[PDB]
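Counting the sequence shown from 1 gives a position; my numbering is that position plus 13. Even for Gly, the Cβ is constructed at its ideal location relative to N, Cα and C. Working notes, structure below.
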Amino acid sequence: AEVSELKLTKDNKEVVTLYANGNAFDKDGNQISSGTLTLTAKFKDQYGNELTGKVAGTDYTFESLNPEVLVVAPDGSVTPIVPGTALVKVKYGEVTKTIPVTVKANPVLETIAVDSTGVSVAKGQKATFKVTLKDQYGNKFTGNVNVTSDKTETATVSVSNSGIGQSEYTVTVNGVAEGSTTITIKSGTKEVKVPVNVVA
Numbered sequence: 014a015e016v017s018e019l020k021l022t023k024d025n026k027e028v029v030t031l032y033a034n035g036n037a038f039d040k041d042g043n044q045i046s047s048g049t050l051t052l053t054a055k056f057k058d059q060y061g062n063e064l065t066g067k068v069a070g071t072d073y074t075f076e077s078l079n080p081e082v083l084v085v086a087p088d089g090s091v092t093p094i095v096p097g098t099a100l101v102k103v104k105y106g107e108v109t110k111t112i113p114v115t116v117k118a119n120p121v122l123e124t125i126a127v128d129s130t131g132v133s134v135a136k137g138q139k140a141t142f143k144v145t146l147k148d149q150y151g152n153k154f155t156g157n158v159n160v161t162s163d164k165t166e167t168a169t170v171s172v173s174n175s176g177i178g179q180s181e182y183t184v185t186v187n188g189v190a191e192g193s194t195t196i197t198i199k200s201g202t203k204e205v206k207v208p209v210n211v212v213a
């Protein structure tokens, strides 16, 4: 025979990004949730005919040359273990092929992005800005958010969605009395401060 394709897949999509947690991503960075994670393989004969009706596991077997890093079932099924690089192998009699596979470290919170630099609200009014959590790769990250205010007699604060389960939240600040103060937005071990000025 001859090995004509060796791709990593889930639900017919090629996998460009794979985390330690098993999550997988196409070219666009849209997550694949359908299918199981596998390697696909196609083969030709000595005259270039695509060998058909072939059984993965029986006619051909898959090996992981780095089994502490990535588990590959002989039928081609795939589960990541920790971040690193694994070399994967397909076998068809004497005929073999090798591809690299990269497991990336899972997302963790890197940045609390804040739509605002300071807030100006009139006494007895509300103001609004957005908070976006980002991971080390600079994509949206779902995580918890907590907002407080240094002086509640000047201004009070609240967050959409009870500050859980989301990667984008709305912060409302109510103007309570004339004067100034600071809101603090906390998430994980990180924190941003925002000044606030309540006008008449």
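Beta-bridge partners of residue i, as assigned by DSSP
i    : result
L50  : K23
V144 : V127 and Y182
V170 : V186
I198 : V160 and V205
Which listed residue (the options) has its alpha carbon closest to that of residue i
i           : options                  : result
residue 214 : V108, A99 and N159       : Past the boundaries of the shown model lies residue 214; the chain is included only from 14 to 213, so the question cannot be answered.
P96         : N79, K102, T109 and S90  : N79
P87         : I94, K199 and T74        : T74
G42         : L52, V172 and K26        : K26
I125        : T49, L50, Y182 and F38   : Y182
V116        : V212, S17, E15 and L21   : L21
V158        : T202, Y150 and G137      : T202
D163        : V186, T109 and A135      : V186
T145        : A14, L52 and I198        : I198
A118        : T161, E166, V29 and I94  : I94
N62         : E15, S200, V28 and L83   : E15
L122        : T53, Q179, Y105 and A190 : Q179
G188        : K136, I112 and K147      : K136
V211        : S47, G176 and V170       : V170
Boundaries of the beta strand (DSSP E) in which residue i is found, first to last residue
i    : result
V205 : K203 to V212
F154 : From DSSP, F154 is part of no beta strand (DSSP E); its letter is neither H nor E.
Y32  : Looking at the DSSP string, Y32 is not in any beta strand (DSSP E), and its letter there is neither H nor E.
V103 : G97 to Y105
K136 : Premise fails: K136 is in no beta strand (DSSP E) and is neither H nor E.
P113 : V108 to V116
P87  : Where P87 is concerned, there is no enclosing beta strand (DSSP E), given that its DSSP letter is neither H nor E.
Residue i (DSSP reduced to helix, strand or coil)
i           : result
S17         : strand
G176        : helix
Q44         : strand
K55         : strand
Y60         : coil
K164        : coil
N119        : coil
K67         : coil
residue 228 : Since the displayed the chain opens at 14 and closes at 213, residue 228 lies outside it and no answer follows.
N36         : coil
>> Does the structure place the region 152-161 close enough to the region 64-78 that three or more beta carbon pairs sit under 8 Å?
In response: In short, these stretches do not touch, since the Cβ pair count stays below three.
> Using 8 Å as the threshold, is the region 55-63 in touch with the region 24-35, meaning 3 or more CB pairs across them?
Replying inline: Contact check between the region 55-63 and the region 24-35: fewer than three CB pairs, one atom from each, fall below 8 Å, which does not count as touching.
>> Does the structure place the region 192-209 close enough to the region 116-131 that three or more beta carbon pairs sit under 8 Å?
In response: Output reads yes: the region 192-209 touches the region 116-131.
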